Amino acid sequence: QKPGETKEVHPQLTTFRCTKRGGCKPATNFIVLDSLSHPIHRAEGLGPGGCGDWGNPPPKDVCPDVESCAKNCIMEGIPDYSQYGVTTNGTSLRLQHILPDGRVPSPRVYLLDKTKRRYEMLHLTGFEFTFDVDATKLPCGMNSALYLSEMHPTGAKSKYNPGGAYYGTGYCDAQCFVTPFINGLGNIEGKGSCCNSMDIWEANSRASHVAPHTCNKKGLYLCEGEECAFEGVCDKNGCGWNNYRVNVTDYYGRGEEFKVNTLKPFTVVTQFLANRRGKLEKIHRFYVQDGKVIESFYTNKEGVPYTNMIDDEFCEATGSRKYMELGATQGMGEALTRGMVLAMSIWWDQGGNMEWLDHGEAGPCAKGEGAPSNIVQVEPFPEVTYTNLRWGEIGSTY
C-alpha cells in the first residue's frame, strides 16, 4: 500500500552476536510492526473503508488491479509503537497483548537490521539462537511466539511497494494464509502467503513448543487452490516438540515442582546442529534458570523414538507426514542457510483455544480454559518480555 504522510518511528533494540573467542558483542537493531497492522485507509476522495480484512483479497472497487491498489490504499506510519503494545528498553522488548484501555493490539513485529531498510537476515544452520524470557503473564490459551520466516529481506520493496521492510511488508509463514496485501502488493487473486518457517518458540507459562515447518518452495510463494491446503506445499502441522506430548509432565510449568519454573524468568537456547556435509540434522532445545543449565528432557513414550532433540527419526514416527514429504530436517535447514527473518508476536485463538499448545495431549489445561473469554478472567493483561536476543557459535550464547 502507499506510504502515507505520518512518520514511522521504530523502536531500537540491542541484540548480540556471539563467538567462543570474543563472547557476546552488542549490535543495534530496530523493530517494525506488520505492514497490515499499520493504519490502512483509502486515498483522498475515495471515502471511508480500509483495503480488506485478513483472509480476503482487497476490495474490487479500490483494488481492481495492483497499480490501482498501490495508489488507492494508503498505509500510515506509526509514530508511537507503544499504542500497539510494543516497547523496548535497552535489550528488552515487551509485547502487550491487551492495553489497560481495553485495546487488543496483539502485536507482531520483525527484526530490522541497523539500516532500517532490510530485515536482519539470520543464517542459523550450524549455529545457536538464545534469548531470556518472562512468561509469567501468559496463561493457558496465550501464545508468545518467536520464530523465523523466509521473508524477502527488503520486504520485497518495489515500484508499487515502496515501503518495503521499513513498513513491515512481506510477511509469510507455513500456514499459507490469504492477506489482502502480499509483498506490499494488492492480492487481487486471493492467493495464500507461504514460506518455510521455524517456530523456535511458541509458549506460555503452562507449555513450551518447538516446531520446524517445511515448504517445498524457496522464499515466499503465492499459492492457489489446493496448494494452500493441508496436502499442499507447506507443512501446517510442523514437527512438534513438547515435553507433555512425549509423556514428560514435570519439565516446564508454574511452580518449583517443574525443572523450568515459569513463575521466574529463564533463558531459552536453541541449537541447529548440522552434519558433516553442513546439512541440518537435529534441533536441540535446553533452558537456563537461576544460572543452572536445565538439559533437554528425553522422550518417554511407547512408540516414540528415544531422543532429546528433534530429528528426522522422531518427526517421522510421530506422524509429521507433510514435514517429511516437503523436505524434512534437511529441507528446514536449507531455508535457514539461505537466511530467515525473525518475528515475535503475542496472540490468542478464538476458534481453537490454542489447544494444540497446552491442552489434553500437550499440557495441563482444561477444555474451555484457553478461550479468549476465559483468558481475560485469568490474566487481564497478557504480555511477554524477550530480552538479550543473541545468536552465534554453538556453546557461546549462555
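From 1 onward, residues are counted along the sequence shown.
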Stretch with the greater mean C-alpha B-factor as recorded in the entry, comparing 257-265 against 86-94: 257-265
Given 206-214 and 302-310, the range whose Cα B-factors average higher in the PDB entry: 302-310
Maximum C-alpha temperature factor, selected from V109, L146, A174, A229: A229
Highest recorded Cα temperature factor - choice among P79, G225, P105, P139: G225
Relative C-alpha B-factor of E44, binned into the chain's lowest, middle or highest third: highest
Entry-reported Cα temperature factor of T19, expressed as the chain third it lands in: highest
Position of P180 among the chain's modelled residues by C-alpha B-factor, lowest, middle or highest third: lowest
Modelled-residue ranking by C-alpha temperature factor, third containing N196: lowest
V66 CA temperature factor, ranked by third within the chain: middle
